[PDB]
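Chains as they are written, first to last, in the UniProt record's numbering: chain A, 8 to 47, 57 to 75, 98 to 243; chain B, 8 to 47, 57 to 92, 98 to 242.
Virtual Cβ for every residue (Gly too), placed ideally from N, Cα, C.
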Amino acid sequence: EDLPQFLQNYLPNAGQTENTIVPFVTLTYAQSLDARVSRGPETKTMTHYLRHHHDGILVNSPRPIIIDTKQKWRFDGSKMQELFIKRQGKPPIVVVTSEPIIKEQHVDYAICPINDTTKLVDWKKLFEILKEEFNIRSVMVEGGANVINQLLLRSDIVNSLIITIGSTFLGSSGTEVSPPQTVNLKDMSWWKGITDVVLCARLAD
Amino acid sequence: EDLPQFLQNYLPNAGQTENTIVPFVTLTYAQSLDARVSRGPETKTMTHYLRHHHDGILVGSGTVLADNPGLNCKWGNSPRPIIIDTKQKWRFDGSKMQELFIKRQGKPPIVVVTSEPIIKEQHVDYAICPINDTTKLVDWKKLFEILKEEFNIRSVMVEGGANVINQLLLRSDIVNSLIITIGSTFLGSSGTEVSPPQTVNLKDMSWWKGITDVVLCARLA
């Protein structure tokens with residue numbers, strides 16, 4: 008709508024990550040008034065517009103990037119697998135902590151060593167691996183509220199934050215997005231729709 | 008500024024002509040992106065403009081006990102403060118509210134209790150509201166009726182208590198307008214959140230946008 012002009016300054020910017028080893032990282036999600044992303057229109061256009069401006073998407099057409107540290111996901115027999123077959127959808131990059139004994143066709147494996155301290159995955163190292171090993175110049179992370187909750191803390195990684203808020207309450211039992219500490223924003227910009235609003239911003243510090 | 012017309016349809020006297028037994032009730036609060044109201057300049061003025069249009073301003077005790085709020089109005098007379106204090110632990114004597122009352126800058130409070138007031142304070146009015154036999158908590162419908170019938174409160178703005186908000190969000194038979202400000206900040210998951218226990222659908226929504234904040238006006242579906 009007027010949405011492309013609104014998003015423009017927050018889209019991956021070529022000359023900004025070029026001659027760096029990190030990709031542009033956008034953090035994006037859709038929540039209710041009570042900050043829930045699940046429970047216990058018009059956003060299609062925007063999401064698909066955003067996706068086609070990124071090389072990878074962490075959950098032309100973007101490549102799917104899946105975290106599967108515990109190694110239990112499978113490509114064969116996935117929506118993704120079928121989409122790949124019909125010439126409209128790329129095969130996934132699968133993020134793991136060690137080399138899997140059994141690998142699937144078309145699937146790329148990114149071995150990211152779990153962080154020494156946090157005991158979680160080293161987000162900085164993972165994003166460099168995606169960029170350097172797999173030509174992923176930009177990445178749109180869409181969810182796992184737990185992924186979002188960690189990355190909200192990473193002002194040194196995240197480049198743009200794009201949040202849709204719908205005019206509804208999902209209820210307290212729904213899965214929330216809220217960082218463990220306070221997170222300040224900068225360079226904020228709001229767009230308003232009929233029933234929804236979108237925030238574009240950056241992470242302070 | 009466009010804020011007055013934006014709010015116009017959601018204020019008590021856009022409510023047209025009919026006399027009612029229930030006061031007009033606006034549910035209004037300010038939250039972070041993570042729906043938090045407590046820690047873990058345009059909106060402040062709006063709040064005051066809103067206060068100017070209501071006979072009463074309601075808060076749960078706890079929010080009065082935490083922040084020591086004036087709860088009076090400045091131009092965007099003043100509304101009467103209404104404190105829910107079922108435990109009868111809030112004290113008017115020595116409060117900021119009392120300071121404003123003495124300086125003729127604010128009104129004395131109405132205190133809502135659920136049994137005989139034990140220590141009545143000078144210039145304080147007490148509203149004894151029945152307890153709902155199902156919830157064990159105060160009967161919101163009867164309370165608002167009493168505020169109107171006994172204390173001549175024709176309209177009330179409830180601002181405070183996540184706990185209060187969380188209950189009223191479920192009461193489409195009580196709430197006339199929902200007005201929510203959302204700031205562009207995260208307070209963090211330790212902060213106290215506003216989220217009702219069940220899904221709540223909204224209707225008649227209209228959004229307003231500032232530079233750092235957005236405001237939603239809606240009604241309960």
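message: Let me see if you follow: with CB-CB separation under 8 Å, is residue 219(B) close to chain A or not?
response: Position 198 of the second sequence, counted from the start, is the residue given in the question as residue 219(B). Chain A, which has a Cβ nearer than 8 Å to the Cβ of residue 219(B), makes this yes.
field: Residue interval of the beta strand (DSSP E) (run including residue 199(B))
entry: By one-based count along the second sequence, residue 199(B) stands at place 178. Looking at the DSSP string, the run of the beta strand (DSSP E) that includes residue 199(B) is 198-204.
- prompt: When burial is assigned at 16 or more other CB atoms within 10 Å of the CB, is residue 198(A) buried or exposed?
  reply: Translated into the one-based positions of the first sequence, residue 198(A) becomes position 160. The residue in question, residue 198(A), is buried, as its Cβ has 16 or more Cβ neighbours within 10 Å.
message: Could you check whether the Cβ of residue 226(A) sits closer than 8 Å to any Cβ belonging to chain B?
response: Locating residue 226(A) in the first sequence gives position 188, counting from the first residue. Answer yes: the Cβ-Cβ gap between residue 226(A) and chain B drops below 8 Å somewhere.
- request: Please name the residues in the segment 31-45 of chain A whose beta-carbon is closer than 9 Å to at least one beta-carbon of chain B, in chain order.
  value: 38, 39, 40, 41, 42 and 43
- prompt: For residue 116(B) versus residue 213(B), is the C-beta distance shorter than 8 Å?
  reply: In the second sequence, the residue the question calls residue 116(B) occupies position 95. In the second sequence, the residue the question calls residue 213(B) occupies position 192. Not closer than 8 Å, so no.
- prompt: Among all the DSSP beta bridges, which residues are the ones paired with residue 117(B)?
  reply: Indexing the second sequence from 1 puts residue 117(B) at position 96. DSSP, once it has assigned bridges, lists no residue as partnering residue 117(B).
query: How many Å lie between residue 189(B) and residue 181(B) at the Cα?
result: The sequence position of residue 189(B) within the second sequence is 168, counting from 1. The sequence position of residue 181(B) within the second sequence is 160, counting from 1. Roughly 11 Å between the two C-alpha positions.
- prompt: Is residue 73(B) closer than 8 Å to residue 28(B) when the C-beta atoms are compared?
  reply: Residue 28(B) sits at position 21 when you count from the first residue of the second sequence. Residue 73(B) sits at position 57 when you count from the first residue of the second sequence. No, they are not a contact pair.
- prompt: Can you give the beta carbon distance from residue 106(A) to residue 142(A), rounded, assuming they're within the 8 Å contact cut?
  reply: Within the first sequence, numbered from 1, the residue matching residue 106(A) stands at position 68. Within the first sequence, numbered from 1, the residue matching residue 142(A) stands at position 104. Their Cβ separation, rounded to whole angstroms, is 11 Å, which puts residue 106(A) and residue 142(A) out of contact at 8 Å.
query: Given a limit of 9 Å on CB to CB distance, which residues of the segment 199-212 of chain A reach chain B?
result: 201, 203, 205, 206, 207, 208, 209, 210, 211 and 212
message: Using a Cβ-Cβ cutoff of less than 6 Å, which residues in the same chain neighbour residue 241(B) once the five nearest sequence positions on both sides are dropped?
response: Taking the first residue of the second sequence as 1, we reach residue 241(B) at position 220. These residues qualify, in order along the chain: 193 and 196.
query: At a CB-CB cut-off below 8 Å, which residues of chain B make contact with residue 233(A)?
result: Taking the first residue of the first sequence as position 1, residue 233(A) is located at position 195. What residue 233(A) touches in chain B: 226.
query: Within this structure, are the beta carbons of residue 200(B) and residue 17(B) separated by less than 8 Å?
result: Locating residue 200(B) in the second sequence gives position 179, counting from the first residue. Locating residue 17(B) in the second sequence gives position 10, counting from the first residue. Contact: yes.
- request: Please confirm if residue 216(A) has its CB atom under 8 Å from at least one CB of chain D.
  value: Among the protein chains of the structure shown, namely A and B, there is no chain D.
Beta-bridge pairing of residue 102(A) - partner residues as DSSP gives them: As a working note, residue 102(A) is residue 64 in the first sequence. Answer by DSSP bridge pairing, in chain order: 73(A).
query: Looking at the C-beta of residue 169(B), does it have a partner C-beta in chain A at a distance below 8 Å?
result: Within the second sequence, the letter at position 148 stands for residue 169(B). No, because no Cβ of chain A sits closer than 8 Å to the Cβ of residue 169(B).
- request: Spell out the partners DSSP gives residue 211(B) in its beta bridges.
  value: Reading the second sequence from its first residue, position 190 is the one you call residue 211(B). DSSP lists no partner for residue 211(B).
- request: Take the Cβ of residue 78(B) as the centre, count every other Cβ of all protein chains shown within 10 Å, and call the residue buried at 16 or more, exposed below.
  value: Your numbering for residue 78(B) matches position 62 in the second sequence. That one is buried.
query: To which residues of the same chain is residue 34(A) closer than 6 Å at the C-beta, ignoring the five residues directly before and after it?
result: Mapped onto the first sequence, residue 34(A) falls at position 27. Here the set comprises 179, 189, 196 and 199.
task: Kindly indicate if chain A contains any beta-carbon less than 8 Å away from that of residue 183(B).
output: One-based indexing of the second sequence puts residue 183(B) at position 162. By this cut-off, residue 183(B) is not an interface position.
field: Near-chain A residues of the segment 140-161 of chain B (beta-carbon distance less than 8 Å), N- to C-terminal order
entry: none
- prompt: With residue 216(B) and residue 42(B) assumed to form a contact (beta carbons below 8 Å), what rounded beta-carbon distance in angstroms separates them?
  reply: Residue 216(B) sits at position 195 when you count from the first residue of the second sequence. Residue 42(B) sits at position 35 when you count from the first residue of the second sequence. The pair is a contact, with the Cβ atoms about 6 Å apart (cut-off 8 Å).
message: Taking beta-carbon pairs under 9 Å, can you tell me which members of the segment 76-90 of chain B lie near chain A?
response: none
Cutoff 8 Å: residue 47(B) Cβ touching any chain A Cβ: In the second sequence, counting from the first residue as 1, residue 47(B) sits at position 40. True, the Cβ-Cβ gap to chain A drops below 8 Å.
field: Proximity to residue 118(A) [Cα-Cα], best of 151(A), 110(A) and 131(A)
entry: For this step, residue 118(A) is matched to residue 80 along the first sequence. Checked all of 151(A), 110(A) and 131(A); the closest Cα to residue 118(A) is 131(A).
field: Run of the alpha helix (DSSP H) containing residue 182(B), from where it starts to where it stops
entry: Along the second sequence, one-based indexing puts residue 182(B) at 161. No alpha helix (DSSP H) contains residue 182(B), which DSSP labels as neither H nor E.
Cβ of residue 197(B) within 8 Å of any chain A Cβ: One-based indexing of the second sequence puts residue 197(B) at position 176. No, residue 197(B) does not count as interfacial toward chain A.
- prompt: If you follow the alpha helix (DSSP H) that residue 14(A) is part of, which residue opens it and which one closes it?
  reply: Within the first sequence, residue 14(A) is the residue found at index 7, counting from 1. Here the alpha helix (DSSP H) through residue 14(A) covers 10-14.
- prompt: By the 10 Å Cβ neighbour count, where 16 or more other Cβ atoms means buried, how is residue 98(B) classified, buried or exposed?
  reply: What you label residue 98(B) is simply residue 77 of the second sequence in a count that begins at 1. Exposed, because fewer than 16 other Cβ atoms sit within 10 Å of the Cβ of residue 98(B).
- prompt: Is residue 222(B) close to chain A, meaning its C-beta is less than 8 Å from at least one C-beta of that chain?
  reply: Along the second sequence, one-based indexing puts residue 222(B) at 201. It does: the Cβ of residue 222(B) has a partner Cβ on chain A nearer than 8 Å.
query: Can a CB atom of chain A be found closer than 8 Å to the CB of residue 121(B)?
result: Taking the second sequence and counting its residues from 1, the one referred to as residue 121(B) is at position 100. No, because no Cβ of chain A sits closer than 8 Å to the Cβ of residue 121(B).
field: Cα-Cα separation between residue 223(B) and residue 152(B), rounded to whole angstroms
entry: Position 202 of the second sequence holds residue 223(B). Position 131 of the second sequence holds residue 152(B). One C-alpha to the other measures close to 28 Å.
task: Can you give me the Cβ contacts of residue 175(A) inside the same chain, cut-off strictly under 6 Å, excluding the 5 residues immediately before and after it?
output: Residue 175(A) sits at position 137 when you count from the first residue of the first sequence. Cβ within range, chain order: 30 and 71.
message: Starting from residue 132(B), trace the beta strand (DSSP E) in both directions and tell me its first and last residue.
response: Translated into positions along the second sequence, residue 132(B) becomes position 111. 131-134 is the span of the beta strand (DSSP E), which, as asked, contains residue 132(B).
- request: Taking the CB atoms as reference points, tell me whether residue 221(B) and residue 76(B) lie closer together than 8 Å.
  value: For the purposes of this step, residue 221(B) is taken as residue 200 along the second sequence, with counting starting at 1. For the purposes of this step, residue 76(B) is taken as residue 60 along the second sequence, with counting starting at 1. Not in contact: residue 221(B) and residue 76(B) (Cβ atoms no closer than 8 Å).
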